[PDB]
Every structure is written in structure tokens, then in C-alpha cells.
Amino acid sequence: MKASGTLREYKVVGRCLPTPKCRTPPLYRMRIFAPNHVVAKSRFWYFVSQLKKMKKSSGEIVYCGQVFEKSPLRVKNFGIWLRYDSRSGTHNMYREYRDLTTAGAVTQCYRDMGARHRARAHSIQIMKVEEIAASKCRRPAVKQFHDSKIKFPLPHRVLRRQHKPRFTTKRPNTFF
Amino acid sequence: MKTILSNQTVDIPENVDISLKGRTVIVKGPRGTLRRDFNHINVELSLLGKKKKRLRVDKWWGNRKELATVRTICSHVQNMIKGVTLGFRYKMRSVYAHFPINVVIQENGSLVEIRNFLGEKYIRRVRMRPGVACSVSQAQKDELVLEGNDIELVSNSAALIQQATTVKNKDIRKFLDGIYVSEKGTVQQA
Amino acid sequence: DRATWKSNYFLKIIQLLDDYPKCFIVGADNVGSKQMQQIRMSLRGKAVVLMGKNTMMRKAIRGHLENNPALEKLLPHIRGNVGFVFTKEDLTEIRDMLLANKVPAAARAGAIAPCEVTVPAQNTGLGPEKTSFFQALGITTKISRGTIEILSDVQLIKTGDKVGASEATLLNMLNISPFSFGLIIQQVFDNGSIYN
Amino acid sequence: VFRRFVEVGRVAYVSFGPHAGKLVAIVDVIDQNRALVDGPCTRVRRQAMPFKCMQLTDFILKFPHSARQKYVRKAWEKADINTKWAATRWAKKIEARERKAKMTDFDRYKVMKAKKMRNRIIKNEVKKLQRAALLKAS
RNA sequence: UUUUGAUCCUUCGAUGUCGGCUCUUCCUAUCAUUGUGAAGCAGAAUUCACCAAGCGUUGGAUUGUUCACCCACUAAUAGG
RNA sequence: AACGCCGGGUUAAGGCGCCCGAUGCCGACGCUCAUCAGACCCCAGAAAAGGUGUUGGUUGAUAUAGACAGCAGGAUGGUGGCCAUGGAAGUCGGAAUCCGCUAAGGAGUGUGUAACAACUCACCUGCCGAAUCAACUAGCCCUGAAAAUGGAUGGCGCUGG
RNA sequence: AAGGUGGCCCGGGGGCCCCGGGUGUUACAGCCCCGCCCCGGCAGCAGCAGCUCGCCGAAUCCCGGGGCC
Ligand SMILES: [Mg+2]
Ligand SMILES: [Mg+2]
Ligand SMILES: [Mg+2]
Ligand SMILES: [Mg+2]
Ligand SMILES: [Mg+2]
Ligand SMILES: [Mg+2]
């Protein structure tokens, strides 16, 4: 699965269809991160297939809805649990990112895993996403930001709109 | 990771009078002046406080490579203070087994002629660095004394004479000849 | 584990400190543990001796400051090679015994000198040996028929000087310290009352 | 030798994007390169905005790092930032820039004639001053 | 890929097939020389390794021989 | 992707420093410095094993009731421990491995010793004040990496790409 | 409860004022959660506060400009 743009979070539930043996099978819920309801339903089927005797053909999906960020203007610290396949072997992780939304964070995880491990999106499975408090946050890149009087400058300021003149007299300054 | 901030202060004594044009530092005091350029290093050198009691040196957004350049400055400045106030006396004793090394000083301690090393006809006309004062001590048979403000120039000139008197093609574990540094200290103690 | 032994130290420090309110803050400086067992053997029943981690004492005492303020003056006192010497029996005799009891150990070639160290004129106690250790320094040593005899007395080390190995060797041979390793008194403390 | 610092409460001028030409306060910090921003009185919604685009001034309206928009509106009106802004020379050379884009052809002609005259007067007075300095020298 | 073999895509209306002589340049996996490290390196003599291929590496008896073996000098009588 | 001869529009697989039509986006997040760097199916070449180069992870110990270096001082007592043996008295084998002061002290790391001497080790006081230590794993780079006319990521060149 | 605002203590910078450090829970700054007040009540509404996040038009129509024939 390509992670194009930015993910949504969807609440998928489904079930096996009735049979003469059991007239009312239990419903099953998941939390799929995906761009759309089509790839959501597909990934749902893959996980259910890994755990339960259940295929898309033998069953049906009852409900796929989008789930909004209930607190979008608060800032949060998300804590993700992973499962990734190496070139050689598989490995579990626990990674902390610092974002506003579940989706923004998951995106950031994908991009980081890609940088640091060249892990391609299909290999990865998401198993738990928990918002975690500053007290319980372990990783020092996060821990440094919890401070009321944070302060820093912008030192070296690389110019943008380089080509708009392309030809000036004055050499550009970057110190303000 | 990108560390948001590092800094380290050096509380200087009242005798010295530093000043700075940006990165280039100048330090004056009793024994003389000392300038030193840091333009390669890229840091914030704040000279805050009345009585000029302390230097502070910030470093915003540094990684592991860039954090190492703070304490190195701190130390280079401290040694500069020693060089302006007290100075640097590098002692070094001439070791030999059988053949005695006839040493002689030229140009009021700038130059050093070293004769009869292992009975070699070649003679080592070693030149000291600028701002260095060679001198044979008194009350000691085999004793050079190199005085000066800059430790760098002193110590390099020391190694110059040391590597100049080196035994080629021989078992150095046995033939323990040549000049060797013994005691590093200052002109006046504190 | 280290965390539980530390909390155990807090279990000793609170019970003896609350029950017994009186300490002699003596300083066990470089004294050996065998010498310590002889002094503990002397003050086995009556006294109860203590050392530990400086911050371990800092928080045990900060805990004491809520209930018993008597240990408020102790916080600055545990500094240098310092330890408490809790005691119920008597104050002046334990003070004199603690200042006295020192076993003369070997002379250290290296530590600082408070006062002048001395080298008396006395025979070596050997056969024909190398005179260069004594004649290097500047002491008159004669060969009284084979056996070496010392002519004149000279004081080698002065107040505040590093003890070399050569100047150390004669104290190592005699095994007689000028000043013994020991336990130095700091202050007396009787129920919230300092004695200099 | 840094003079302006990113401090919660500091005002920034928006260079480009959708919200160009607008003033806005830095409410909070997320990371090295992304901050929470809001400008209630200038018609800008509470939103994320990277430090890249913005360029910070020397004004620091005071409020807590997580203060909800009410206390910001009151503190903004209380300080009266907008007027001090309009006093700044900055804004004046911005309005000049814009008037120069708006420049009409008739105004362009009147201006050319104004220049022509103002510069002939200056040329006369300056030449008399140079002969005056020669007179002073002589 | 300096041996040898395995293969048959190219040429049989013809690519002159073994050795020596003469001559140029080229590679380095350094025999010797220059500078240096290590040795169960005291000095001498001798071993191992790094930079380095710019300059050198012979005269003869026997065999068509390449190869082989031997005498003599050498700093060295390295390999392609 | 398949073709009669043409005008207009749009696309595929590929691409957009300049050669060479097109980003002269205020494009987003990160990694990496190589005195042999690296650059897109088939493709025209390299590995096992390393690295206190660096970036992340896992597990297990340690931590503000405050370590771990560091400088110093002790750096040892039952005890020549019993069984082995000839001796393990700290230092072939083999049995031992409990106790004391305790801040801590093994029937002992090395030099040096049949074991001591001499130098020396684990363990802790003095000061010191926040995070520290060990073993694994995978990411990039590096070592491992030699052949003959002068030479080829297509060239020029490229290190906020 | 705290990423601790005023108060208190220690420092460090000025001779009553300014800057670091330490306890702590609203006080002249705030944040977090439960219950009850007609889903508490008021506009407005995928918001010209011209881009905080989407999917659509029998639940949708209009106007304008260029090119070729
Ligand atoms: Mg064929
Ligand atoms: Mg032919
Ligand atoms: Mg022919
Ligand atoms: Mg080579
Ligand atoms: Mg030799
Ligand atoms: Mg091309």
C-alpha cells in the first residue's frame, strides 16, 4: 500500500454471514489507517484472515466510517507500537512521535521508518496507537520540549525565491 | 539528534582585560597580548557582566559533532590566560649513555646547535618558533628550559628538537639516547 | 540490590538517630579496616559507628528535620572524611579514645604532608647493598667494616611535600609512620549542642 | 548576536501563503520546525504553520503557552499592537510598494514632471555648494 | 584469465601456421635502490608488512626448442 | 503501443541542473562525508567477516533516599581454609567459596609467584552531583577490493543534492 | 494535577526595582475531568475570519475569454 498524501482513520466492523449452524455470529471492529474506504476494507480482510477463519467472500462488511479528531487543537504526544519485516528477519518496535493528530503522526512514522530503515509501507503492520502523557514519555527528543519557557532562534536563513532576480548587484544577507 | 542548546561559562579573574571583534579574541594583561581567531568554528561568544567576571558561550541546534567545539574553546581560552599572566616553562633533560651531547645556543635562545650526537658529523641547527626563549638553566647539568606565552609554539618547537635527534636504523629499545621532556610548569606559581 | 541496601541504610539511620540523640562527628581518614575492627572491638557494646553516601545522609537527615531538628547541624558536618560516632555511655572518654586510637601503618609515598616528615639516623640492617639510594639524596653513610654506618642526621621532607619512593623506602623498611592513619574529630553534638 | 527570539507571545509577519500580509502570535511549539499559531483580530484561524514561512518582529504580547483564544483577544486589544504597527516604518514602505503597483498613468506623468523639477533645483544648489567649498579652500 | 581443459557465435571464392633476432610501450602481485613501521631485531647479516613501477634486472657451454639444468660477475640477476 | 495521407486536443511506459522540449514549485519529513563515495527491470560485475565512524531499536542491570569515571588511602583479616596433594596458603589439578569491619576487602586480575616478598587487582571512604553501564540487531558509510593503448553513473558536472 | 501565576525561601543584578534556583495547587495568570441548569442558551454552518479536516449534484445552474475548422 502506497501512503499517498495523508491518512485518515476509519472504524471498520464486519462479520461472517449467517449459516444454518450459527444464525448470529459476533461482530468485529478494527481501527484502519488508510486513505480511503476501499483500501481500508482490503486491509481489514487481510488482518481478519490472519487471525480468524474469515474471508471477504464468505462474509460482509457492516460499517466503514471516518473518525474525526476529537481534540484537534490540543497538541499531543502519540505512542506507536509496530511490527516490521527486515530484509532478514522481523522485529517489533515502540516509537514516540509528537504531533496533533493520529493521522499526522502515523504519516510521520511511515516517513521515519522509510528514512532510517528503508522499510517499505507494505511490510509494516500497526498494532497499537495510544496518546501518551509527558510523564510517561521516554524518548529524550520528546522530553526536551516539555518546558514552559522554550526559546530558540533561527540562525542561518537560507534564501527562498532565489531565481526571482537571478541577477542582482547586492550580495544577499542572512542575519536579522 | 539535534540538541536544542548547549553552553558553558568561564569565570575570569579581574587582572585580565579581554575584548573582541566578533569571533577574533584579544586578551591583554601583564606579560603581553594574545589574539586568536575562531572564524572556522561558528558559535555565540557573549561577554556579559560587570567586572567582566565571566565569559559565556552558546551553541544553538548542535549535533554530536558540533557539541565538541565548546569545551575545546573553553580550554583554549583558559590556557591563553595562563600564557598572559604566568607563562610556560617547558623543562627537558638530555639523556645519553656514553657520548656526551655538546649543546649550544645561538641568537639569544632562538637557535640551537646540537653537536656530537652519537658522534655524528652532521650537526642539528634547530630553529625555535617566534616568541620563544631557549635557555640553559643554572644548577643543572643537562637541562634546557623553553619559556614563552603560547603553549602551542613552545610545544611544537620542543617536538622539533625531539624528532630532530632521532636514531635511524637502530634498536630504539636499547639505544635510549636523546633529549626528552621531563617537567612542564610555569614561571611563577599560583 | 543497591536500591534496597540504600533504603536499608535509611532503616539504620532513622532508628538509631531517633532513639539516641548524641554524636561525635569523627573523621576516619585513610585508616584501615583491620585497625577499625580493633577500635570497634574496643567500642563494641557502648558505641555505634557510621559512614555512608553523602547524599544518602543528606536525604536521611532532611527526613529527620521534620521530626527531630537535632540533626540539622549534622548536614554540613558530614564533610571531608567524616563519620558519625553515636554514643550513649559517655562523651569525654570516647572522645579521647577515638582521638588516640591509631595503628602506625606504612608511610605513603605520595600523599600531602601536614607537617615535616623526618628520617632519623639508624642502621639499615643489611649486608653489602646499593648505597645509591641513601647517597643520592645527601646523607652520610659509611662502610663500618662491610656494614654501613650513618654519620650525620638530616631532615629530608618539609611541610607540604610529596613523598618519593626513595624517601619512602626507609619508612617502608622501618614500617613506622610519623603520623598514623586514623580518625580525626570534627565536632561534638549533645542533644542539639555543639562543642568545638 | 541574536536580538529577536521565538518566545510564546511573539508577533510575526506572514510573508507568503494564503494568509499573506497578516500579523499573528506564536502560541506554542510542536517541534524543531512547526508551531501553533493564531491571530484573532486580523481574521486568521487557529492553525499550524511552519517557522520557514514566517519572519518574527520585536513585540511580545504576554500570555500563557496554552491560553485559549479569549485571553489573547483581550491582551491584543489591551496592548494595542495594531497602532504601534502602523507607526512602524516597515508598514509605510509596504504601503508605498503597493501604491507603486497601483500607480496610474496620469499619476505617472505628474510624477515624472515633479521629479524633473525637484532634480533641477538640487543640481543648482549642489553646484553652488561645491564652488563654495572651493571658495572655503581658496 | 599468462596454463590447461568444456563450448562452436564469427571467417574454409584462404586472416601466412613453432622458435630465435631486432624494437617500443605498458601492467604490479616490489628482486634490488629512496623513505618508513615490526621482529624469538645488541651490532653485523636476515626475515614480515605500507607508500611507490620513475630508473635497472647481465656475459656464456649443451638442446630447433619456449621450458630445464649449470659456470662467472653482480646491487639485483622478480614475474607478465 | 502496433502504421492509408493530414489539422487540432489529450495521454501511456519514461522523465523535468545544462547538452535536451518540460518545475525558474518559496514543494513536505529525514539519512549520509568517502586521500577508490553514490545514482533506477533485463544491465554488463563482487562476498563471508569486522568498525568506541554514525543514526535508530530490543533485552537486562543502574539512578536524585543520587551512582559510574577521576584523582588519592587501604586494596585485607578466619587462614598455612579444608579435601586433593607434595602444594594451592589469591595465582597445576581438584575440593573450596562461608564469615568479620563494613563505606568495601576474592580462599583472588596481571607483572611477578611452588605460596608470599616487590609492583599490582576486585571492593570503598575524601571531593564530586545526572543521568550511567553491558550484551544484541538492523539502517547508511568505511575496511576486506589486483592487470595490462589514455576512459567513462551517456558527457559536462553534483555535497541546503 | 503541572510543562507551577501570583505568595514564601536561596542565590545574582542594581540602591525600592530586575534576573536565575527551591518548595507548592490558585491567590491579581491558566489547564484537566464528573454531575445537574428545556441535547444549558444565542447567531452562523463543511462557514469571504477569500485554504482547520471530506464525499457529492434528477439533491445544479449561470456568465466570460482564447485556439482550430
Ligand atoms: Mg557456429
Ligand atoms: Mg576472407
Ligand atoms: Mg593476407
Ligand atoms: Mg601495490
Ligand atoms: Mg641491524
Ligand atoms: Mg534525458
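Asker: Which parts of the structure should I look at to understand the packing of aromatic side chains?
Answerer: Each aromatic ring pair is specified by the distance between its two centres and by the angle formed by the two planes. This model, assessed by the stated rule, comprises 11 aromatic pairs over all chains. Summarising the aromatic geometry, the rings of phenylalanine 84 of chain C and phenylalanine 86 of chain C are spaced 5.9 Å apart at their centres and angled 25° between planes, so their arrangement reads as stacked. Judged by relative accessible area, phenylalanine 84 of chain C falls into the buried class, the value being 2%. Geometrically, the ring pair formed by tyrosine 13 of chain D and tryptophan 90 of chain D is tilted, given 5.9 Å between the ring centres and 45° between the ring planes. On the criterion of sequence distance, the pair formed by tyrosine 13 of chain D in strand β1 (residues 10-14) and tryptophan 90 of chain D in helix α3 (residues 89-101) is long-range, its members being 77 residues apart. Here a set of aromatic residues connected by ring pairs shows up, and it is made of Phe152 of chain A, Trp61 of chain B together with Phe51 of chain D. Here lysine 170 of chain B stacks its cationic end above the ring of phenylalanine 175 of chain B, 5.6 Å away from the centre of that ring.

Asker: How should I be thinking about the protein's contact with RNA strand E in this particular structure?
Answerer: Residues and elements named next belong to chain B. Neighbouring RNA strand E are the residues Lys168, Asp171, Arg173 and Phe175. For RNA strand E, the fraction of atoms within 4 Å of the protein that belong to sugar or phosphate moieties is 50%. Between a phosphate oxygen of RNA strand E and a side-chain N or O atom of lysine 168, the distance comes to 3.4 Å. Of the residues in the surface near RNA strand E, the class split is one nonpolar, no polar and three charged.

Asker: Help me understand the arrangement of the chains in this model?
Answerer: The structure contains three pairs of chains in contact, of which chains A and D account for the largest number of contacts. Note that chain B does not reach chain C: the shortest distance linking a C-alpha of one to a C-alpha of the other is 15 Å. Considering only C-alpha positions, the minimal separation of the non-contacting chain C and chain D is 35 Å.

Asker: I'm lost on empty space enclosed by the protein in this one. Help?
Answerer: One way to see where empty space is left: roll a probe the size of a water molecule over the atoms. All names here are of chain B. What the rule picks out here adds up to nine cavities of 30 Å³ or more. Space inside the largest cavity adds up to approximately 190 Å³. Of all the secondary structure elements, the ones that give two or more residues to the lining of the largest cavity are β2 (17-21), β3 (24-28) and α1 (64-85). By residue class, the composition of the lining of the largest cavity is 13 nonpolar, one polar and no charged.

Asker: For this particular structure, what's the right way to read the interface of chain D and chain A?
Answerer: Size of an interface: often given as the accessible area lost when the parts come together. The partner chain A presents 18 residues to the 18 residues of chain D that form the contact. Carbon and sulfur atoms make up 61% of the surface buried where chain D meets chain A, a total of about 1,800 Å² over both sides. Here chain D is connected to chain A by one salt bridge. We note a salt bridge from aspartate 99 of chain A to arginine 34 of chain D, for which the minimum N-O separation is 2.0 Å.

Asker: Honestly, the protein's contact with RNA strand F in this entry has me stumped. Any pointers?
Answerer: In the vicinity of RNA strand F lie 44 residues, with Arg95 of chain A, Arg64 of chain B together with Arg40, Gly80 and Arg108 of chain C positioned nearest. Among all atoms of RNA strand F positioned within 4 Å of the protein, those belonging to sugar or phosphate total 76%. Between RNA strand F and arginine 139 of chain A there is a distance of 2.5 Å, counted from a phosphate oxygen to a side-chain nitrogen or oxygen. At 2.4 Å from a sugar or linking oxygen of RNA strand F is found a side-chain nitrogen or oxygen belonging to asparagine 81 of chain C. Every element with two or more residues in the surface near RNA strand F is listed here: β7 (94-99) and α2 (102-117) of chain A together with α1 (2-19), α2 (33-42) and α3 (54-67) of chain C. Its residues placed into classes, the surface near RNA strand F shows 13 nonpolar, 13 polar and 18 charged.

Asker: Explanation requested: the packing of α1 of chain C against α3 of chain C in the structure shown.
Answerer: How two helices pack is summed up by the angle between their axes together with the distance between the axes. Residues and elements named next belong to chain C. Two numbers describe how α1 lies on α3: the axes approach to 10 Å, and their chain directions differ by 40°. When the axes of α1 and α3 are compared, the pair comes out oblique. Judged by the twist between their axes, the crossing of α1 over α3 is right-handed. Of the residues in α3, those touching α1 at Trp5, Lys6, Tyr9, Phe10, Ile13, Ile14, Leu17 and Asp18 are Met56, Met57, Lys59, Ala60, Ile61, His64 and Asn67.

Asker: I tried to follow the state of the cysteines on my own but got confused; where do I start?
Answerer: Throughout the structure, instances matching the rule amount to zero disulfides over all chains. In this structure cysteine 64 of chain A is a free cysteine whose sulfur lies 20 Å from that of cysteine 16 of chain A, the closest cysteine sulfur available.

Asker: Any chance you could explain the pairing of β7 of chain A here in plain terms?
Answerer: On a regular strand, one side chain projects to one face of the sheet and the next to the other, so that they alternate. Residues and elements named next belong to chain A. In terms of burial, β7 is a largely internal element, five of the six residues being buried. Direction of pairing for strand β4 (residues 76-81) relative to β7: antiparallel, over a ladder of six bridges. Opposite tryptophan 81, over in β7, you have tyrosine 94 as the bridge partner.

Asker: Any chance you could explain the interface of chain A and chain B here in plain terms?
Answerer: Taken together, the seven residues of chain A in the interface contact five residues of chain B. Here chain A and chain B share an interface that buries about 580 Å² over both sides, 74% of which is from carbon and sulfur atoms. Viewed at the interface, chain B and chain A are joined by zero salt bridges. Taken together, the connections running from chain A to chain B amount to one residue pair in polar contact. Counted by class, the side of chain A that touches chain B contains five nonpolar, one polar and one charged residues.

Asker: I keep staring at unusual backbone geometry and nothing clicks. Help me out?
Answerer: Where the residue is not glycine, phi is negative for most of them; where a peptide bond is considered, it is trans in most cases. A positive phi angle, near 55°, is found at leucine 118 of chain B, a position not held by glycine. If you trace the backbone, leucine 118 of chain B turns up in the loop between β9 (111-115) and β10 (124-127). Phi is positive for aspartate 80 of chain D, close to 70°, though the residue is something other than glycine. Among the secondary structure elements, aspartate 80 of chain D is positioned in the loop between α1 (69-79) and α2 (81-87).

Asker: Looking at this model, I keep getting lost on helix α7 (residues 165-174) of chain C. Mind explaining?
Answerer: Three or four residues apart is the spacing at which side chains of an α-helix point the same way, because the helix has 3.6 residues per turn. Residue and element names in this part refer to chain C. Among the residues making up α7, those that are buried are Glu167, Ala168, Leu170 and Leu171. All buried residues of α7 project into a common sector of 155° when viewed along the axis, lining one side. Of the exposed residues in α7, those oriented more than 90 degrees away from the buried face are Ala165 and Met173. Among the structural elements, α6 (132-137) are those in contact with the buried residues of α7. Immediately downstream of α7, the backbone of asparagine 175 shows phi near 60°, a positive value.

Rules and cut-offs
- Residues numbered from 1 in each chain as written, not as in the entry; some residues may be left out.
- Chains lettered and ligands numbered in written order.
- Part of a larger assembly, values for the part shown.
- Heavy atoms only, no water.
- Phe/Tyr/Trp six-rings, centres within 6.5 Å; stacked < 30°, edge-to-face > 60°.
- Buried < 20%, exposed > 50% of the residue type's maximum accessible area, 1.4 Å probe, protein only.
- Helix = DSSP H or I, 4+ residues; strand = E, 2+ residues; numbered from the N terminus.
- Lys NZ or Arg CZ within 6 Å of the ring centre and 35° of its normal.
- Near = heavy atom within 4 Å.
- Polar contact = N/O pair within 3.5 Å; in protein donor to acceptor, adjacent residues only side chain to side chain.
- Nonpolar A, V, L, I, M, F, W, Y, C, P; charged D, E, K, R; others polar.
- Contact = heavy atoms within 4.5 Å.
- 1 Å grid on protein atoms, 1.4 Å probe; cavity = no way out; pocket = protein on both sides within 12 Å on 5 of 7 lines; lining within 4 Å.
- Points joined across faces, edges and corners; volume = space filled by probe spheres on them.
- Buried area = accessible area lost by both parts, 1.4 Å probe.
- Salt bridge = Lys/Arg side-chain N within 4 Å of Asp/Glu carboxyl O.
- Axes fitted to C-alpha atoms, helices over the stretch in contact; angles between N-to-C directions.
- Parallel < 35°, antiparallel > 145°, perpendicular 65-115°, else oblique.
- Left-handed = near helix turned anticlockwise from the far one by under 90°.
- Disulfide = S-S within 2.5 Å.
- Pairing = 2+ DSSP bridges.
- Arc of directions from axis to C-beta.

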